[PDB]
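Taken in order, these protein sequences are the chains called A and B.
Mapping of the first sequence onto PDB author numbering: residues 31 to 133, 155 to 259, in sequence order.
Mapping of the second sequence onto PDB author numbering: residues 31 to 133, 155 to 261, in sequence order.
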Amino acid sequence: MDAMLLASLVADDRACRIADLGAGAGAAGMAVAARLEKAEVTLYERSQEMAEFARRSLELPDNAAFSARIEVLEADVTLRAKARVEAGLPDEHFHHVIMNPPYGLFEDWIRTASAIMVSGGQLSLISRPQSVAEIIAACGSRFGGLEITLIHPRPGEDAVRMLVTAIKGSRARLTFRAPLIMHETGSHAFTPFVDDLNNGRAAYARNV
Amino acid sequence: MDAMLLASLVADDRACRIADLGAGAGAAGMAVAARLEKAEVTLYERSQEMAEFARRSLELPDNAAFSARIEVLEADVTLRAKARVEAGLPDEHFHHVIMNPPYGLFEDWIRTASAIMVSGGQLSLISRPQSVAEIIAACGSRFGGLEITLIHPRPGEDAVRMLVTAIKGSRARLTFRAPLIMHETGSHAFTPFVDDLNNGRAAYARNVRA
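Laid out in structure tokens, this is it:
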């Protein structure tokens with residue numbers, strides 16, 4: 031569900047360039063492209079092995095509808111400056127950068164996300180709730196207007212995931228959005244809104 | 031409302047000692063004492079005027095049932111070491127420390164909360180949600196097992212307040228609890244759980260160690 035929920039944060043019906051910094055073989059960036067016909071998506075992978083795996087995944091007839099709009103690049107997303115540009119992570123280029131790092156990397160990855168982002172572009176990420184301090188510190192002097200949306204399995208239960216979006220250069224203080232509850236009490240199905248997100252039928256937009 | 035929500039975090043039926051580090055005139059500490067007959071509350075105020083004011087409030091006849099259990103002390107809660115003790119903030123004495131600091156502060160107040168707390172005692176606080184990073188940093192190496200409960204005014208709307216509880220010396224990672232929603236859409240009435248908290252009819256307890 032992580033990749034679908036992450037992808038749903040790109041609430042943008044304009045032609046845009048999106049970078050998916052990992053981790054995965056591109057499932058989130060692929061979900062974005064499947065939904066947004068005008069999205070241009072770049073999947074970054076550190077290793078040749080992972081890049082080749084993502085590439086073979088994109089050669090499946092199953093993905094033919096959107097695969098032309100996706101490119102897989104081998105790049106270490108923790109690189110800096112000249113090394114970063116030379117690795118194919120260009121300055122001030124992307125309208126969106128999305129990430130789900132493995133379970155820290157937030158400082159390195161958000162530093163890169165800021166550098167490769169156009170002015171006012173949107174950072175989107177999903178994590179565990181316990182990463183919140185690391186994430187806020189990593190956004191310092193880079194991204195503001197953070198919107199944090201906790202994800203709870205059902206009423207009364209602790210949060211299991213956390214969505215965060217932010218805007219490069221924004222001065223706005225952070226806000227916690229109303230939480231997303233995955234199920235009603237006593238119900239096996241997902242709640243209507245979460246179900247639409249999970250199936251690519253809807254985006255989850257920022258307040259403004 | 032901040033004071034009632036804050037006070038509701040003390041879920042303890044023992045004789046216990048509670049410090050209110052107090053941004054206010056002791057409303058939170060008073061609400062704790064009103065609900066918990068066995069609690070012994072110390073209200074700390076930096077200024078003589080505020081201490082005076084709090085003492086006058088305690089004399090109001092509506093507070094007479096529990097006021098005997100509330101002591102108001104003048105003390106700068108940012109004091110350190112021996113100065114802190116001399117000011118009447120004793121080492122490792124309180125079972126609970128509660129706070130609602132006014133809008155370095157969290158660091159100073161939580162440093163003091165840790166110093167005056169018995170081993171395993173509970174920190175309780177209410178704040179704006181925007182303070183979350185400062186609060187987590189101030190807890191560092193002093194308090195753990197943070198439970199963070201966001202407070203939303205009604206369904207779909209952003210959080211307006213945040214409750215945090217933590218245990219001295221715990222090395223458990225933080226938890227976000229299910230949030231409290233103050234009101235149903237279209238009503239000025241409180242939601243039933245929150246209404247109980249408001250009436251002093253209930254505590255809001257931490258997750259069981261289970």
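Every residue, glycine too, gets a C-beta built ideally from N, C-alpha and C.
- Residues are counted here when their Cβ sits less than 8 angstroms from a Cβ of chain A; for the stretch 172–195 of chain B these are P180, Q181, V183, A184, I187, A188, given in chain order.
- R228, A229, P230, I232: these are the residues of the stretch 228–244 of chain B whose beta carbon lies less than 9 angstroms from some beta carbon of chain A, given in chain order.
- For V115 (chain A), the enclosing alpha helix (DSSP H) begins and ends at 111–116.
- With a threshold of 16 other beta carbon atoms within 10 Å, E75 (chain A) meets it and is buried.
- Listed by position along chain A, the residues whose Cβ is nearer than 9 angstroms to that of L225 (chain B) are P180, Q181, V183, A184.
- Around the beta carbon of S170 (chain A), fewer than 16 other beta carbons lie within 10 angstroms, which makes this residue exposed.
- Under the Cβ distance rule, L201 (chain A) counts among the residues neighbouring chain B, one pair being separated by less than 8 angstroms.
- Sequence-distant Cβ neighbours of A45 (chain B) in its own chain, meaning closer than 6 angstroms and more than five residues away, are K68.
- In this chain, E208 (chain A) is not harboured by any beta strand (DSSP E), its DSSP state being neither H nor E.
- Partner residues in the beta bridge of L214 (chain A), as assigned by DSSP, are A:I177, A:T200.
- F124 (chain A) and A53 (chain B) have their C-alpha atoms some 45 angstroms from each other.
- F241 (chain A) is positioned such that its CB atom lies closer than 8 angstroms to that of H234 (chain A).
- Take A256 (chain A), set aside five residues on each side of it, and the residues of its chain with a beta-carbon closer than 8 angstroms to its own are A41, in chain order.
- For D209 (chain A), the nearest CB of chain B lies under 8 angstroms from its own CB, placing it at the interface with that chain.
- Straight-line spacing of the CA atoms in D43 (chain B) and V62 (chain B) works out to 11 angstroms.
- Note that the C-beta distance between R252 (chain A) and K219 (chain A) is not below 8 angstroms.
- By the criterion of a C-beta distance shorter than 6 angstroms, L225 (chain A) is surrounded in its chain by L197, once the five residues flanking it on both sides are discounted.
- In the DSSP assignment, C46 (chain B) is bridged to B:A69.
- Of the residues assessed, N250 (chain B) falls on the exposed side of the cut-off, its CB having fewer than 16 other CB atoms within 10 angstroms.
- A direct Cα-Cα distance of roughly 7 angstroms separates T216 (chain A) from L39 (chain A).
- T72 (chain A) sits buried, since 16 or more C-beta atoms from the chains shown fall within 10 Å of its C-beta.
- The C-alpha of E158 (chain B) is placed about 13 angstroms away from the C-alpha of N130 (chain B).
- Within the DSSP bridge table, the entry for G195 (chain A) names A:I218 as partners.
- Listed by position along chain B, the residues whose Cβ is nearer than 8 angstroms to that of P206 (chain A) are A229.
- When the five nearest sequence neighbours on each side are left out, no beta carbon in the same chain lies closer than 8 angstroms to the beta carbon of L90 (chain B).
- When A:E82, A:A117, A:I128, A:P120 are compared, the shortest CA-CA separation from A33 (chain A) is found for A:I128.
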